[PDB]
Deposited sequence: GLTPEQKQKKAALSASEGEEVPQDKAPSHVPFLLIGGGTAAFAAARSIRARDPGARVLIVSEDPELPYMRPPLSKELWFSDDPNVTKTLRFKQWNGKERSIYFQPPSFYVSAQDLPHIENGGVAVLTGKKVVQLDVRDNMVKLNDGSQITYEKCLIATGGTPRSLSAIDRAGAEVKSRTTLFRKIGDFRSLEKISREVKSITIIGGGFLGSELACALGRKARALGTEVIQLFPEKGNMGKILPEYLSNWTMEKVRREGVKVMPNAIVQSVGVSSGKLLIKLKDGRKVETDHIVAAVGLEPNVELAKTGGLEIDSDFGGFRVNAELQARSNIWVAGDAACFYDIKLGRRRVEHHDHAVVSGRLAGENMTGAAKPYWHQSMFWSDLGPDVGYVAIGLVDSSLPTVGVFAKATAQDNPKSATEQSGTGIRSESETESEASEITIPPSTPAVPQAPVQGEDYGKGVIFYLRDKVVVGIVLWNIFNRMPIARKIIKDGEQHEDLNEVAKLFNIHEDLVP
C-alpha cells in the first residue's frame, strides 16, 4: 500500500486497464497503480452475460476461461496475474510497472492536495490521476421497499460474483425472473433460457415496453427480438409495470399494475446504471446533469491532472455534443486516449463509440450514435447469408469482442437509420458486420438524404 504513486487509476475495470497499457507503451518505465474495490483483477464484462453461459466446461465457473463463438478459449481477465507488479514494489522496482490494489475503495479525493483516502485509512498521493469508476446498477423502488427478504433474492447483474451466484441459482431453483427489457436483460434472458431448457426450469423476462429493447429499436425489430427470446423458452411479458414485490410461502410474488401476478424463485434486475460520481463531492468536479457523469474537456480532463474515461465520463461527442455511454468500445478507446494524454498529451477524443450485443452465436446487433426509438426511423432488411451472424464474425476476426474486429477508424439482417430531419444521427445494424467504418463515415458527414436505399447498399443489403 504505497504512500505515493505517479499515476493513480481509481477503479479497476476496462477504462482503467486501457489507460495503464497505454501509459506503459508510451513510458516503458512508468509507475501506475490501480485501486479496485473488486477482489478480482481487471476483467471485461461482455462475457458475463454471453459466452460464459454457453460453454460445456463444468469448470467454467472457476477458471472463467470461456469459449468464444468460433471455439477459441479466452480468459475474462485482461492480463495474466503475472504481468502486474505489487503495490509494494511499485514505488521503487526497476522499470516500474502496473499494480492493482484489490479489495480497496477510494472514498475521498482531495484535488487541491493531489491525494486520495482509501476505506481502511490509507492515504495515497498522486502526480496524475484517472477516475475510471464505471457505474452502479439501478434497482427499482418497488423492490427496495419490500424489505431485506426480497432484496436478498435480487441479483443486480454486473460482476463475476453475480455470474457465479446466478449460475449456481439456475441449478437450484425452478423459476428465475428478469426485470428489464434492455440488451443486458435480453442477453440474460437467452443465456438463462438455454440453461433452463436443459434442466426443465422456467425463465421469465418482463418490462414496461411493448417489446424487448423498446427504447432503442422500432416495433418491427423489437417484436422480432421478443419472438427470438420466446423461441429460447422464455416467458416474455411485455407491458409489465411492477406494482410491488413480496414473499408468499417461499416464493417471490410479483404484482403488476395491469393486474397480473407472477410466482418466481429469484429475480435478476437489468434496468440500467447510475454513474459513480461518489468522489465527485469531496473533489469538487461535481458532474453535469443532462446526461450524468463527470464533466471532461476534449482531451478527457476534469482538472489539469485528473482525467476521466469509460462509463463515468460525460464527454463531448464529435457529432452529438455532450454524451454518456455504457459501451465497452468507449471504455477501451477513451481509456487508451486518457493514458496517452497522461503521458503528454494534446490529443482530442474524436471517436464514435460503437455498441454491440449478441443474443447467442446466431443473432447480433450493433449500434452507433443516437439510437432512440422515438425518433424518425427508416429500416431496410434482407435475407441473411452464411457470414451474416456473430459466429461468422468471430470466426472471421478470431475475436468475439466486436470493437476489436470492426475497427476504430472510418428477413435475417438489416439497417435502421435514426433521423433529425433528414440527417442520420444514429444507426443500428442487425446481423450486419464489417460495416462500422461506413456506418461512422455516414453519421460524421452529417449529410442530408432523401433516399436511404442507396446508402443501405454500401452495407451490402
| property | result |
| --- | --- |
| Coordinate gaps, deposited numbering | 1-25, 436-457, 509-514 |
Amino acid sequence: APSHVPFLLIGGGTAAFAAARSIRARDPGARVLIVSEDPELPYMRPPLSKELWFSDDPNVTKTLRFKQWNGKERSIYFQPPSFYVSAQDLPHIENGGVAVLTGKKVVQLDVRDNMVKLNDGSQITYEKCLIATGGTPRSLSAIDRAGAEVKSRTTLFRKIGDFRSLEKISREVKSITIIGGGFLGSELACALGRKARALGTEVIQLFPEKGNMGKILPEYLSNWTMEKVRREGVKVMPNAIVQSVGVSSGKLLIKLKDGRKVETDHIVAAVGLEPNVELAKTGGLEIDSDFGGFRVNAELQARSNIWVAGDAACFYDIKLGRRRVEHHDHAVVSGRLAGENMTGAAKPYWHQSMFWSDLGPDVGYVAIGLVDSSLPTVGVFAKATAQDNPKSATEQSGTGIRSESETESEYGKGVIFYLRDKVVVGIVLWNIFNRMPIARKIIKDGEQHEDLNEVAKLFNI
From here on, numbers count along this sequence of modelled residues.
item	value
Segment of higher mean CA temperature factor, 368-376 or 223-231	368-376
Mean temperature factor over C-alpha atoms, higher-scoring stretch between 246-254 and 355-363	246-254
Selection from 267, 148, 313, 101 [criterion: highest C-alpha temperature factor in the record]	148
Peak C-alpha temperature factor (PDB record), options 281, 164, 174, 92	281
Chain-relative CA temperature factor third for residue 37	lowest
Position of residue 350 among the chain's modelled residues by C-alpha B-factor, lowest, middle or highest third	highest
Chain thirds of CA B-factor: placement of residue 19	lowest
For residue 342, the third of its chain into which the C-alpha B factor falls	middle
Ranked against its chain, the third holding the CA B-factor of residue 9	lowest
